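First comes the structure, then the notes that go with it.
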Amino acid sequence: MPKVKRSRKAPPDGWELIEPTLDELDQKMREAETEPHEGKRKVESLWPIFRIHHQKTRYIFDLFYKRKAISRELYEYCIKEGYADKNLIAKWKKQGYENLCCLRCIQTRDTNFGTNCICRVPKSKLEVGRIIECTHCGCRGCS
RNA sequence: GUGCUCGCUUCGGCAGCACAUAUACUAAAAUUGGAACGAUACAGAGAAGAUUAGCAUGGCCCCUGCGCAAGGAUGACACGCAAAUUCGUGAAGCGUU
Ligand SMILES: [Mg+2]
Ligand SMILES: [Mg+2]
Ligand SMILES: [Mg+2]
Ligand SMILES: [Zn+2]
Ligand SMILES: [Zn+2]
Ligand SMILES: [Zn+2]
């Protein structure tokens, strides 16, 4: 039934008020894992996973840095138990990197020419209104 | 998108600045051709009588094997009027100069 947790210590103080929605985000991830690929291209079928992973991480990020509604103990519990991404949070604290979808979309080893994805280009600098879905992510303009 | 703006200046909008700077064999396709060693009919082991161990040779024939081992019927093929340059003696008969 649970997330089966790997601490065996009781979860920290503010846990019971963020638990319905974390379990609701977790239910949404288990739906996306089982969606049968039919008219969903070979790269398009992994787009829900990066989106919900972004969503869970942004949820804990919004409660600890913006709303300030979680202590260090509860926050680091959620990172250890796999509800947030420590590395994606770490990029959102950088200056320009603040709606970043994926860690793939800034990885320069993953591209042909050693560069980011066009996901990361500012939308003013494309100048035309071309519509873009990043192949890694499905993103339409982080930046 | 975020933040700083002793920016207009409200907490609404806009202005400037800074940071952030180019994914993808681009398909969820449309097409396009070639193969298998299975049946189904005909077919039956090389060495000058017969029964036969084999080891090679050669390459527009390959198979099993990691193999520069070893096997595959000695793995198979090989069975061919197998003619390559280059001529002359002697006698006789007929016609001709
Ligand atoms: Mg042999
Ligand atoms: Mg024999
Ligand atoms: Mg042989
Ligand atoms: Zn991207
Ligand atoms: Zn992404
Ligand atoms: Zn993106």
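Letters for chains follow the order of the structure tokens (A, B, ...), residue numbers begin at 1 for each chain, and ligand numbers begin at 1 in the order shown.
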
Taking a cut-off of 9 Å and counting only C-alpha atoms and all ligand atoms, can you build a table that, for each residue of chain A near ligand 4, reports the nearest atom pair and how far apart they are in Å (one decimal), sorted by chain then residue number, as a tab-separated table?
residue	atom	partner	partner_atom_place_in_ligand_line	distance
A:100	CA	ligand 4	1 (Zn)	8.2
A:101	CA	ligand 4	1 (Zn)	7.0
A:102	CA	ligand 4	1 (Zn)	7.0
A:103	CA	ligand 4	1 (Zn)	8.7
A:104	CA	ligand 4	1 (Zn)	7.0
A:105	CA	ligand 4	1 (Zn)	3.9
A:106	CA	ligand 4	1 (Zn)	7.2
A:116	CA	ligand 4	1 (Zn)	7.5
A:117	CA	ligand 4	1 (Zn)	4.8
A:118	CA	ligand 4	1 (Zn)	6.2
A:119	CA	ligand 4	1 (Zn)	3.9
A:120	CA	ligand 4	1 (Zn)	6.1
A:133	CA	ligand 4	1 (Zn)	7.9
A:134	CA	ligand 4	1 (Zn)	4.7
A:135	CA	ligand 4	1 (Zn)	7.0
A:136	CA	ligand 4	1 (Zn)	6.0
A:137	CA	ligand 4	1 (Zn)	5.5
A:138	CA	ligand 4	1 (Zn)	7.1
A:139	CA	ligand 4	1 (Zn)	5.7
A:140	CA	ligand 4	1 (Zn)	7.7
A:141	CA	ligand 4	1 (Zn)	7.5
A:142	CA	ligand 4	1 (Zn)	7.5

Take the selection from the previous step and output its residues with N, CA and C atoms, as a PDB file, in the first residue's frame.
ATOM      1  N   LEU A 100      13.146  25.084 -14.851  1.00  0.00           N
ATOM      2  CA  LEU A 100      13.780  24.004 -15.584  1.00  0.00           C
ATOM      3  C   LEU A 100      13.002  22.707 -15.450  1.00  0.00           C
ATOM      4  N   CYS A 101      12.786  22.009 -16.565  1.00  0.00           N
ATOM      5  CA  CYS A 101      11.954  20.815 -16.515  1.00  0.00           C
ATOM      6  C   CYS A 101      12.740  19.677 -15.923  1.00  0.00           C
ATOM      7  N   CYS A 102      13.888  19.444 -16.522  1.00  0.00           N
ATOM      8  CA  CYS A 102      14.628  18.216 -16.470  1.00  0.00           C
ATOM      9  C   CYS A 102      16.062  18.553 -16.187  1.00  0.00           C
ATOM     10  N   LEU A 103      16.778  17.577 -15.703  1.00  0.00           N
ATOM     11  CA  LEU A 103      18.206  17.732 -15.750  1.00  0.00           C
ATOM     12  C   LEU A 103      18.778  17.361 -17.103  1.00  0.00           C
ATOM     13  N   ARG A 104      18.002  16.714 -17.971  1.00  0.00           N
ATOM     14  CA  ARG A 104      18.492  16.379 -19.299  1.00  0.00           C
ATOM     15  C   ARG A 104      18.533  17.589 -20.188  1.00  0.00           C
ATOM     16  N   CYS A 105      17.601  18.506 -19.998  1.00  0.00           N
ATOM     17  CA  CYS A 105      17.470  19.640 -20.888  1.00  0.00           C
ATOM     18  C   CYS A 105      18.537  20.700 -20.660  1.00  0.00           C
ATOM     19  N   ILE A 106      19.426  20.540 -19.680  1.00  0.00           N
ATOM     20  CA  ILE A 106      20.625  21.358 -19.556  1.00  0.00           C
ATOM     21  C   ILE A 106      21.886  20.531 -19.642  1.00  0.00           C
ATOM     22  N   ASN A 116      22.758  22.937 -25.039  1.00  0.00           N
ATOM     23  CA  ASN A 116      21.532  22.665 -24.316  1.00  0.00           C
ATOM     24  C   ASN A 116      20.438  22.336 -25.312  1.00  0.00           C
ATOM     25  N   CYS A 117      19.227  22.127 -24.843  1.00  0.00           N
ATOM     26  CA  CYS A 117      18.145  21.953 -25.788  1.00  0.00           C
ATOM     27  C   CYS A 117      17.519  23.302 -26.064  1.00  0.00           C
ATOM     28  N   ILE A 118      16.745  23.386 -27.147  1.00  0.00           N
ATOM     29  CA  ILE A 118      16.131  24.657 -27.501  1.00  0.00           C
ATOM     30  C   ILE A 118      14.979  25.010 -26.594  1.00  0.00           C
ATOM     31  N   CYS A 119      14.525  24.036 -25.825  1.00  0.00           N
ATOM     32  CA  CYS A 119      13.776  24.221 -24.597  1.00  0.00           C
ATOM     33  C   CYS A 119      14.314  25.372 -23.747  1.00  0.00           C
ATOM     34  N   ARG A 120      15.633  25.485 -23.638  1.00  0.00           N
ATOM     35  CA  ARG A 120      16.295  26.475 -22.810  1.00  0.00           C
ATOM     36  C   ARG A 120      16.544  27.800 -23.498  1.00  0.00           C
ATOM     37  N   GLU A 133       8.205  21.493 -28.982  1.00  0.00           N
ATOM     38  CA  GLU A 133       8.187  20.522 -27.902  1.00  0.00           C
ATOM     39  C   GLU A 133       9.543  19.849 -27.865  1.00  0.00           C
ATOM     40  N   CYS A 134      10.231  20.011 -26.743  1.00  0.00           N
ATOM     41  CA  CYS A 134      11.522  19.388 -26.515  1.00  0.00           C
ATOM     42  C   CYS A 134      11.366  17.880 -26.566  1.00  0.00           C
ATOM     43  N   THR A 135      12.300  17.201 -27.225  1.00  0.00           N
ATOM     44  CA  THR A 135      12.130  15.766 -27.405  1.00  0.00           C
ATOM     45  C   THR A 135      12.396  14.994 -26.133  1.00  0.00           C
ATOM     46  N   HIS A 136      13.324  15.465 -25.298  1.00  0.00           N
ATOM     47  CA  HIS A 136      13.575  14.827 -24.013  1.00  0.00           C
ATOM     48  C   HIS A 136      12.342  14.896 -23.155  1.00  0.00           C
ATOM     49  N   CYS A 137      11.799  16.078 -23.065  1.00  0.00           N
ATOM     50  CA  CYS A 137      10.973  16.510 -21.972  1.00  0.00           C
ATOM     51  C   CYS A 137       9.533  16.746 -22.368  1.00  0.00           C
ATOM     52  N   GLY A 138       9.294  17.296 -23.544  1.00  0.00           N
ATOM     53  CA  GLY A 138       7.988  17.788 -23.874  1.00  0.00           C
ATOM     54  C   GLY A 138       7.807  19.232 -23.541  1.00  0.00           C
ATOM     55  N   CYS A 139       8.863  19.898 -23.104  1.00  0.00           N
ATOM     56  CA  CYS A 139       8.762  21.246 -22.599  1.00  0.00           C
ATOM     57  C   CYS A 139       8.537  22.213 -23.727  1.00  0.00           C
ATOM     58  N   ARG A 140       7.941  23.342 -23.391  1.00  0.00           N
ATOM     59  CA  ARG A 140       7.761  24.434 -24.324  1.00  0.00           C
ATOM     60  C   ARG A 140       8.368  25.649 -23.654  1.00  0.00           C
ATOM     61  N   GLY A 141       9.680  25.789 -23.726  1.00  0.00           N
ATOM     62  CA  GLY A 141      10.256  26.989 -23.164  1.00  0.00           C
ATOM     63  C   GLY A 141      10.306  27.136 -21.658  1.00  0.00           C
ATOM     64  N   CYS A 142      11.267  26.489 -20.996  1.00  0.00           N
ATOM     65  CA  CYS A 142      11.592  26.814 -19.608  1.00  0.00           C
ATOM     66  C   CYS A 142      11.808  28.295 -19.401  1.00  0.00           C
TER      67      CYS A 142
END

Return as CSV the residues of chain B lying at most 8 Å from ligand 3, together with the closest atom-to-atom pair for each and the distance in Å to one decimal, counting only C-alpha atoms (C1' of nucleotides) and all ligand atoms, with rows in chain order and ascending residue number.
residue,atom,partner,partner_atom_place_in_ligand_line,distance
B:56,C1',ligand 3,1 (Mg),7.7
B:74,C1',ligand 3,1 (Mg),6.6
B:75,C1',ligand 3,1 (Mg),6.2
B:76,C1',ligand 3,1 (Mg),7.6

Only C-alpha atoms (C1' of nucleotides), please: the residues just picked out, written as a PDB file, in the first residue's frame.
ATOM      1  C1'   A B  56      44.543 -32.197 -48.410  1.00  0.00           C
ATOM      2  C1'   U B  74      37.055 -37.391 -46.970  1.00  0.00           C
ATOM      3  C1'   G B  75      31.191 -30.586 -46.088  1.00  0.00           C
ATOM      4  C1'   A B  76      29.919 -29.776 -51.117  1.00  0.00           C
TER       5        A B  76
END

Using only C-alpha atoms (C1' of nucleotides), which residues sit within 7 Å of residue 74 (chain A) once same-chain residues fewer than 6 positions away are excluded, as a ChimeraX atom specification? /A:12-15

Prev. selection, C-alpha atoms, output as a PDB file, in the first residue's frame:
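The new file part02.pdb reads:
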ATOM      1  CA  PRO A  12       8.650  14.360  11.050  1.00  0.00           C
ATOM      2  CA  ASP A  13       6.265  16.946  12.406  1.00  0.00           C
ATOM      3  CA  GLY A  14       4.516  18.604   9.486  1.00  0.00           C
ATOM      4  CA  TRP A  15       4.010  15.357   7.598  1.00  0.00           C
TER       5      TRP A  15
END

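Taking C1' of residue 14 (chain B) and CA of residue 97 (chain A) as endpoints, the distance between them is 25.1 Å.
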
Contacts with ligand 2 at most 10 Å, only C-alpha atoms (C1' of nucleotides) and all ligand atoms counted, listed as a PyMOL selection string: chain B and resi 45-46+52-54+73-74

All helix (DSSP H, G or I) residues (DSSP, backbone) inside region 8-127 of chain A, as an MDAnalysis selection string: chainID A and resid 15:33 44:66 72:80 86:92 104:106 118:120 123:125

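Using only C-alpha atoms (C1' of nucleotides), the part of chain A that sits within 6 Å of chain B is made up of residues 39, 40, 41, 95, 96, 117, 118, 121, 134 and 143 of chain A.
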
Got time to write the residues from that selection, C-alpha atoms, as a PDB file, in the first residue's frame?
ATOM      1  CA  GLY A  39      -0.765   6.985 -30.475  1.00  0.00           C
ATOM      2  CA  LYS A  40       1.963   8.206 -28.208  1.00  0.00           C
ATOM      3  CA  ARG A  41       5.311   8.337 -29.993  1.00  0.00           C
ATOM      4  CA  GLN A  95      19.613  32.673 -11.340  1.00  0.00           C
ATOM      5  CA  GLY A  96      18.366  31.825 -14.782  1.00  0.00           C
ATOM      6  CA  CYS A 117      18.145  21.953 -25.788  1.00  0.00           C
ATOM      7  CA  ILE A 118      16.131  24.657 -27.501  1.00  0.00           C
ATOM      8  CA  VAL A 121      16.306  29.271 -25.390  1.00  0.00           C
ATOM      9  CA  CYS A 134      11.522  19.388 -26.515  1.00  0.00           C
ATOM     10  CA  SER A 143      13.434  30.056 -19.818  1.00  0.00           C
TER      11      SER A 143
END
